[PDB]
Structure formats: structure tokens, C-alpha cells
């Protein structure tokens, strides 16, 4: 840092009693710009607590103060208030903090920059920028009328301690300068987590959701994710599937690449609005991919990744449930196309990509190549790309002058697919260094049924055979997709479930050879399971796990078969929020398998962080060194208050002894 602190202090215990630092700090504040650097712990916070306050403590000036505050939800924020100036700034972001990790309080590193030159207030926690707000009328934190108290662990208002804190401030420093983003990056951190995917990386997505992890036979650990461009919204949106891998047991990760991507819309790093009027803004004319899952095939050595594919403007909410998008002729399914100007789907994509007119029974001069792009007499047709912006005060989607290959999933294509959901497949023969062009899977539930929905996370490679299984769901059932030929062909195995309209996200473990247990999200508040004892051909009725709570809408749950005995027994590890309130209270739950009846004793619960801190979708894998890697959404991804947060999908490394303590 280019300058020394005006005040520095440490080892402050905040035990619901403020610490007055007025005489040490107030007369050292000068000029209109300041930086606060604070290292602090709060593993048992109050509902709302102030970590640092500067206030006018006198009668009649209760709303003249600056504070750095946090909530027991993990939210961090500031207030900057002066009643005489008529200013009441409040800037915050949910899900910004860690509480505990491996049972010990985490030291959070907070950096707040108040910059009078740029009229901007910026907050970083744990190296992540969580807000940056420019104002028309700047209020220097010292310029609040009548400030006479500087306080740790409360704000002194009219002589009383408000917003009392429980925690500790291990170090706090203030500077009479707005330090640069570059200087900020030099401040040491004590983070319990890593980032694999992050804002500003090669994906240029500012948001991520739906993590996966899979340990490959080489020892490489692979991860896939939704790179979500238009905020954290599900499709309809612009979303690509990105991947990254680690060759050192998760200590470092490769720069992401794409496994599946569309180019109808630019890859733009956009700061999606979080205000109540605009937060529902959703990219509406882009094709997308959503919800990926990985498996490795022993025979071929291929890595196989599946994901849902959504045509332009389509998502689960508006996909046509009564149309697969294929025509069966006869025994073979051919992708249907509608040509601009036709009200009906007159075409199919036949062998060799030939576009065939169903009404005239003649091939046309158009072909669809292996990238689902349209050619006419062998030449590639193009469309103009779109970009998005909020410069007009609402979301605008507009052509940007760049030509890209015309794809049948695009809004502007001459030939367009049925507006329903599909599933696609890509393979890698180099363990994630590159991905082949995706191919659509066929329909499994007939001509007049939309795609099933891929369960995000892992597929299952049965240990003693060549069988691969990917779970998917639809209304009234799980639909397991089974391949015995390295993913060249798939058949379904349907397993009825006693819920309609469930997002029945399911993950599988092989308890022993040929015996599969599937754990899945329900609408009941409990995680369900079912068992197959014939390698997925047939499935039991549904049972429920006791000792874990979910919300009524549920959350995805990840599950693995651990390779080593725990307490002399075979073990399964589940990862899920454990809360009836929200997507919070993340846990790993270790289940010991009864060798006589395949029942599971859920003997250990490990809290990922505080019960009140967010935890949503998750990925777990046994790393080659027998550690457990967890990549998870550290926020409430259902909440309409926690939309569009950056750098909340995070990675941690745990050992079994951390879980069973």
C-alpha cells in the first residue's frame, strides 16, 4: 500500500459490548476519501450487528452515522446517513461472508473504499468485490454533521449502543486515501475457499450456477458449470456450459473452456440489476444450455458431458410439453424444422443433414451440418449476433453488427427447431482439454412429449460393467438413460415417483455391484430415495431420508460412494442444505451402509458453515488423495433477494476426519 494507516488496532473481542475508539481515531480522520481494512470473525452473529460505527451520538441526531454492518444471513453492508444533508445511503450484498470452516471461525477480510474523486463506495470481502456504488452527491464518511464517536461492535445513537455485535475484530486499519483496486489485490487473505469459475475469467459470464465435479481415472478432477450471462436466472437466458480441471488434487484449476456454447448472443460480462423493479429482467431471445452432468467411460476412455438444450427464448416454464421436436419415421426420429413464413413444421433433418420437405416429399438444397448450422448448396448462411444492455433504463436486446453461423436453435434462423427442451451430449477424448460438437439425444417418451430434464452433477459408471447411467426427471417419474456402448446409444428406464410437477433432481451411488441407490429432491420437505438391484433395469418404490430437512420446493443433492471404510463400514456421503426455511445450513452427511440389508445409518453431519448461511446446489467428489472436494452455491439460489450475486459458487477441500469430529 502506498500510504501508512492513520489508525491501526487489533484483538478486539465484541461480546455484546461496544468498544469506544473515539480518542484514537476521530482527530486523525482528514480529507474526503477513506479506506477501512478489517479482519474479523463472527461465527455466532446476532441478527443485525454493526462491526464499525462513526456517529453523532447526541440527542436529536440518531440518524447521523456511518456503519459497516452484517446480518446473520451473511449479508454485509454500509449505511452513510446525515439528516441535515437529507442523505441515507444503504449499500449491501447478501451472502458475502464465511462463518466457520472445519469447526473454526473464519477470518473474513473486509476492504471498504470511500472514494470522493470517483464518488464511489466499494466493498470487497475475502477478495471478492460485493458492491460498487456511484452516487450523485458524495458523502465523505467524516463529513456527517456532528460526528463525535468512533465505535467497534455497535453504533452509538443518542448515547445508547445499537446493533450490538458478537464476534471479534482481529485487525482494523483506516487510511485517509481511497486505495486502488490494484492495491486492494495486494492485501493478504485468509480464505477457506477457492474459485474455479469466477467473474472476468475466460467465460466472460458474470454469474455461475449448477456446479459439478467428477474424479477421472488419470487423477484429473473435472468440473462443469452453467456460465450464466443474464444474471442468475434459469433459461430462458444466455447460458453456456463451461469446464475446468485440476491435476493436483484440486489445489489449482485450469482456465475454463466451453463444453457447449451458442453464439447468437455475445458473451458479455454484465452487472445485472438487483433492484426490485428490474431484477426480473431476463434475456429473452437467446438460445441456451442448462444443467450439466459428467461421467467417465472406462472402455473408450471418453469423458461424456450431457446438458439440456433450449432454443431461443425457451426455458422449462415455456417449453412445449406436448412436442418432442422430432418426427418418427418409422422407428427413427428426425429433427423437425419450421421455415420462415410457414405456420407449420414442414421439414425434417434426414440422413447426412439433408433438409427434407415433408409436404412435397423432396430433399431441398439446404443441409444442417454437425454444429446444427444451416448451409445452402454447401455454403454457410449467417445471422447477425445480438448484444444486451441496460443503457436505456430497461433491458434491450439488439443486433450488434457481427455475423455468426446460422444455427437452427437461433431466433434469426431461416429454419427453426420446435420451441421445446432437448438433451445434448458431448465427449472429450483428452479428459476435458477439448470437447467435441454436441449431438442431440433422441426422444425417449415419444413424439408428443418434451425432453426430460437432466439431473445436474454426475452420471454413474457401474464399476464391474460398461454400463453408463444418467438420471433425468419429468412429470411423474425419474427417467434413467442407460448406455452399454460408451454413449453411442441410450435406452430409458422409467421409475414412477408419487409427485407431479417435481423438480426431481436425482443422484446415484453404487452401494455394491449392480445395486444402485438414487437420492432425489422432492416436494415433501424430505429427500427421497429408491433402489435398483439389477443395474438400473427396475426400481423400487420411494422412501424418505430421516434426519435431514429441505424446504417444500427442495434443492438438488449430490451423493458419492466413498472408496475407504469409515468405522469399518462402507460409506456414502450426501451433500445438501439442511433447513426447512431456505437454501441454507449446508451439510455433508456420512452414511454407513449395513452389509446385510443395504440400509444406511446417517451417523455424521458436518456443517459446511453456519445454519443461517446460504448453501444451495452442490457437487462432491472423492479426490485421488481421499480428500473430499466440494463445489457449491454459497447463497440461497431460490431467494428473490439473492439473485445476481457474483463469485458465490465456491470450492473447499475437506478430509474425512473433519466430517466425523
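Residue numbers count along the first chain shown, from 1.
- Task: Report the stretch with the higher mean CA temperature factor, choosing between 269 to 277 and 349 to 357 on the basis of the entry.
- Result: Stretch with the higher mean C-alpha B-factor: 349 to 357.
- Given the B-factors recorded for C-alpha atoms, which segment has the greater mean, 91 to 99 or 458 to 466? For C-alpha atoms only, the mean B-factor is higher in 458 to 466.
- Task: Would you mind checking which of 310, 374, 123, 509 has the top Cα temperature factor in the PDB entry?
- Result: Within the set 310, 374, 123, 509, 374 shows the top C-alpha B-factor.
- Hey, out of 236, 327, 517, 431, whose CA B-factor is highest in the deposited coordinates? Highest C-alpha B-factor among the listed options: 327.
- State the tercile, meaning the lowest, middle or highest third, of residue 37 with respect to the CA B-factors recorded for its chain. Tercile = middle for this residue's CA B-factor.
- Message: For the chain shown, is the CA B-factor of residue 46 in the lowest, middle or highest third of its modelled residues?
- Response: Residue 46: CA B-factor falls in the middle third of its chain.
- Message: Test of reading the entry: by CA B factor among the chain's modelled residues, which third contains residue 368?
- Response: Its C-alpha B-factor belongs to the highest third of this chain's values.
- Item | Chain-wide C-alpha B factor ranking for residue 619, given as lowest, middle or highest third | Bottom third by C-alpha B-factor.
- Item | Third assignment of residue 611 from its chain's C-alpha B-factors | Middle third, going by the recorded CA B-factors of the chain.
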